[PDB]
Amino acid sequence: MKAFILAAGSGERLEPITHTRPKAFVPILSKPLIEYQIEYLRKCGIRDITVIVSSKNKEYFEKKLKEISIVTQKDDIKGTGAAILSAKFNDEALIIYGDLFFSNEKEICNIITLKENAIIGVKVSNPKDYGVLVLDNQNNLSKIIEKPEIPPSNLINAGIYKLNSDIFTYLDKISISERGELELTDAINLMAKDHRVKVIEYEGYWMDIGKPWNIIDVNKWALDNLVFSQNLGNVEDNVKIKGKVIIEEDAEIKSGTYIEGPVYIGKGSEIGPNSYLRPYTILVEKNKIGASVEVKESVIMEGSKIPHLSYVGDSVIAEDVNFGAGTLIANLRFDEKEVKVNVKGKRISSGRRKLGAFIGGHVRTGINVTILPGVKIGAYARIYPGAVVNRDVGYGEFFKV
């Protein structure tokens, strides 16, 4: 059985994280998204895995994934439909979207046993975003309704398919279309008139990593569900630990440090002295958290350092970031309203009263920097000491005012 991961999306809604990595390499605790997917696939006896990527990202994928075929999507076309056109199979294949996290492989294991075309649907609370699944009387797929702005059903396209080579006959009939785009669900929509498409309801945890605060969402779920309290590191005297704490190998936790779990402390991390890690602190790898630094409900990616006199709450900080002493992130607005975030040029409500900042890779802040709620700082940005970052900062930009 072959599998294809469609990982050639533009990842613009996930900026600034995607300034320096594909969405497929977003960390959930210590491992990137795609590594969970490959793991699940392999667990179900699928070893011939192909990732379809943008040409821009081919190099990045080749360098990270040794036993996986990488194929580039045709340059001149876009969409989930265009991605499968580089998928080479006869006979059938498992197809999965490259930004999906889900809790287990059980459904993939089941779906590959089936002769029929099959799709997984999952119930959301915001179906109007998302492809809604309309079932017929026999509970097979009637049609997929794309972003209706009306809820016919809870049940939406989970982006996990087992499709037969049919699917290409229908991709050729497809006229595409109102987004400038070749859409897989359009082809599926034709095919389901002629062929039976089973729908299997996914029951566990599912989430697409679409927007930056979803990085916090999934990492919080993973910490609660996938790992157990352990200490493989070095914890000095007078460190207080409550609740579930994962201390990975080579992590060092100095005296005066206070930890209220659940907290994930990635390998090679250096904590303290006199740090405060609050619930849902996730330090992916090789992180430094120093004296009079408090972290709460944040994901702080590989090699990033917050060495002095800082508060980081409800935030995502990408890799190799350095915070000057006294850099502070606000997570609550003066008017205490839902924090809005600029996402692909639209002002989007995050759904969160408390939300901090989203910091791209290799950013450095000068001392005493102030960052407002919902702010995005582009990768490689440099923030002048004492600056008040009251708006988004572009990729690679110096910011003073």
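Note that residue numbering begins at 1 and tracks the sequence as displayed.
Looking at 4-12 and 391-399 together, the entry lists the larger mean B-factor for 4-12, computed on C-alpha atoms. The stretch with the higher mean CA B factor, choosing between 209-217 and 178-186, is 178-186. When the C-alpha B factors of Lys337, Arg47, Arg364, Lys376 are read from the deposited coordinates, the top value falls at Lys337.
In the deposited coordinates, the residue among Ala325, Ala222, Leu85, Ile265 with the greatest CA B-factor is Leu85.
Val235: CA B factor in the middle third of modelled residues in this chain (values from the PDB entry). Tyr276 sits in the lowest third of its chain by CA B factor, as recorded in the PDB entry. Per-chain ranking of the deposited C-alpha B factor places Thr370 in the lowest third.
In the deposited entry, the Cα temperature factor of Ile359 sits in the bottom third of values across the chain's modelled residues. Ranked by Cα temperature factor within the chain, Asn117 sits in the middle third according to the deposited record.
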